[PDB]
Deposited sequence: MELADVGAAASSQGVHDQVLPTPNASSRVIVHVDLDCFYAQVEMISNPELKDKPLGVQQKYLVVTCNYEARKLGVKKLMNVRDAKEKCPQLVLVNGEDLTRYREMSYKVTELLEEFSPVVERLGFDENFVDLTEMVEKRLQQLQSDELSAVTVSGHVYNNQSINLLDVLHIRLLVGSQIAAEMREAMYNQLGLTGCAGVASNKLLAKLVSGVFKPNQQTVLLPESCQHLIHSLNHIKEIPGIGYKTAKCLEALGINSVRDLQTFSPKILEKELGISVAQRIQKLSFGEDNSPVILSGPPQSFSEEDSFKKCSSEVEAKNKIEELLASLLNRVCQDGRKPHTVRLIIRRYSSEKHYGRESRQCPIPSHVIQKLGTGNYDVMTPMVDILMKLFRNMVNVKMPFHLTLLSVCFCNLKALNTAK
């Protein structure tokens, strides 16, 4: 059965949150800085050549007028992120989060409910909200076209409510599955929306120029495909399944070749509350157990505040010089909210298991994670 899926993608999310917090930056080029990176910037800085994940050096030699705000503490972005997800869940309860600033909603039942409430007179009547991908002609007698247009109307109500209630702008894409909704949502940006009618689906998938542009094909898989002479979407569509299975294994080969044809039967999953929560810090050097204990403690204090459901597992992640980790359960008496001294004790034991402290060492990342929430 055919679905109607919406993908919602907030405009320059962290920069939006900082611009709302400080409107002295609303008319100025703004970048959100983490360590030496400009992780995102407003469309005003984008005009001046500043790009996402750009070295703070290169970004200011491109835009010497660039205003920088520190975005290392994710507290406020995470809080707004969940306010958006909760707002969407009011439209339809099955909302899938993808990072902090994207959501998928399955609108199929909502669409069918709205259509069922329309008298035969007003079927034609039905109008698109926003862009139609590839300027495709609408056929109002095609029930798939009608359902996708009602999806576009719902998407515009969602964007409006996000603006009215939270002060946030964003893009939306409406299509028959998640892959296609996520691909089409970014066609017109910022703060616009697009719907994909089914006869334009080939056009959308062949508009991609790099195989890594398909969501689900990442860094290592694209390296593999390139090693095999596979560069375009069509190369992948037409490559031998049997060779592809041999090279990538049956699961990945079968999944990505389907994705190459625009086919994606994966359900929208209700994300609900998070499965883990972690605090990280990166640095040039940690060369000391005395320093490492201080580092881990600060991460612990942040997480304990977030805690206040309970985690039943704790893990510690390091990066030397890639990631290594050690985890263990959290003792029952400790799950019962001075928790600090027995938890740091647990974590240093994990640290000592992974790091030989009697021999020199050099860390560039420490991360503590709470998981296995009950």
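J.: If a residue lacks a C-alpha atom here, it counts as unmodelled; so which stretches of the deposited sequence fall into that category?
T.: Gaps vs deposited seq, in order: 1-25, 334-336, 350-355, 372-377, 415-420.
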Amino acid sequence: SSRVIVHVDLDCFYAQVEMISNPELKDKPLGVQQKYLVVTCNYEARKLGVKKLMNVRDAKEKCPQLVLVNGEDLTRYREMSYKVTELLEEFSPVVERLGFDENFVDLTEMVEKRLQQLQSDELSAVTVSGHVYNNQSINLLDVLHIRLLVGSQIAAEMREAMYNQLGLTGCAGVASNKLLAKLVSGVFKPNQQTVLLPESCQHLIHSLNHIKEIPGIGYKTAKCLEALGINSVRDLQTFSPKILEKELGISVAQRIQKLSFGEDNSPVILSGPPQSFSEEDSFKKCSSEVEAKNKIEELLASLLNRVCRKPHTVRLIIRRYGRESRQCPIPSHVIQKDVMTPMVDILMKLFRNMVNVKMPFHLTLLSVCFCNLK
From here on, numbers count along this sequence of modelled residues.
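Under this definition, the rigid core comprises the largest set of C-alpha atoms superposing within 1.5 Å between the forms.
J.: Which stretch is less alike in 9 other deposited structures of this protein, 84-92 or 281-289, counting RMS CA distance after the rigid core is superposed?
T.: Farther on average in 9 other deposited structures of this protein: 281-289.
J.: Superpose on the core, then say which of 121-129 and 291-299 ends up with the larger RMS Cα offset from this form in 9 other deposited structures of this protein.
T.: Between 291-299 and 121-129, the one lying farther away in 9 other deposited structures of this protein is 291-299.
J.: Can you check if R352 is missing its coordinates in at least one third of the other PDB entries compared, counting only those that model the residues either side of it?
T.: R352: modelled in all of the comparison entries.
J.: Determine if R320 is unmodelled in a third or more of the other PDB entries compared for this protein.
T.: In all of the other entries, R320 has coordinates.
J.: Using only C-alpha atoms and the B-factors in the entry, which stretch averages higher, 18-26 or 5-13?
T.: 18-26 has the higher mean C-alpha B-factor.
J.: On mean C-alpha B-factor from the PDB entry, just flag whether 278-286 or 155-163 is the higher one.
T.: Result: 278-286.
J.: Against its chain's modelled residues, does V195's Cα B factor rank lowest, middle or highest third?
T.: Ranked within chain, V195 CA B lands in the lowest tercile.
J.: Can you work out whether the C-alpha temperature factor of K293 puts it in the lowest, middle or highest third of the chain?
T.: Highest third of the chain for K293's C-alpha B-factor.
J.: Going by the entry, which third of its chain does the Cα temperature factor of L123 land in?
T.: Highest third.
J.: Name the third of the chain's ranked CA B-factors that contains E213, choosing lowest, middle or highest.
T.: According to the entry, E213 has a C-alpha B-factor in the chain's middle third.
J.: What third of the chain, by the recorded C-alpha B-factor, contains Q117?
T.: It falls in the top third of the chain.
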